[PDB]
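First comes one chain, alone, set out as structure tokens in the form deposited in one PDB entry.
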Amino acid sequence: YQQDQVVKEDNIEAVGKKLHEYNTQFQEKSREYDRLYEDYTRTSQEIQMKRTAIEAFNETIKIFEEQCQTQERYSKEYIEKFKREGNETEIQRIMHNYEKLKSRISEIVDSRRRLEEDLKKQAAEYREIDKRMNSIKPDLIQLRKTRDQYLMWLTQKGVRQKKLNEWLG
């Protein structure tokens, strides 16, 4: 007066054939998952690298912003002191040099922006990887549970380890 309806087949060879099929399905799904987990781990590391590379872009630009602060504070005296005693060339050199500095900042801002775009894109991949992993987990876990139910059934029935091995291998 008890019950458990789980195994679809009820003769030893048929159950063993379906043990061999379900185990193959499981091993292949495990490899599928493992492949994705490599991609997950790798993409986590690449995203970390890109995120510290952005910090390195900030810190560079911060150094360039300080240079502009200095140039503006420091030049005040020499531009005024070279306006009198008409050395208007030295003024023009200071400012052209300062325009050369500002122009370089824009290149570094551009290259930071390109890396932000890559990180935006790679952050989406990471989520897509994590989603695909999560859709695989049920199949993988179901396939593990089935594999074990079939093994237990054949063990209970008293099938020798030699036959269980060849279905698994």
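All residue numbers are counted from 1 along the displayed sequence.
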> Is residue 4 without coordinates in at least a third of the other compared PDB entries of this protein that model the residues flanking it?
Replying inline: yes
> Going by the B-factors listed in the PDB entry, is the mean over the C-alpha atoms higher for 19-27 or for 5-13?
Replying inline: 5-13
> If you rank the chain by CA B-factor, which third does residue 113 end up in: lowest, middle or highest?
Replying inline: middle
> Which third of the chain holds residue 62 when residues are ordered by C-alpha B factor: lowest, middle or highest?
Replying inline: lowest
>> Going by the CA temperature factor in the PDB record, which third of the chain does residue 132 belong to: lowest, middle or highest?
In response: middle
> According to the PDB entry, is the CA B factor of residue 35 in the bottom, middle or top third of its chain, that is, lowest, middle or highest?
Replying inline: highest
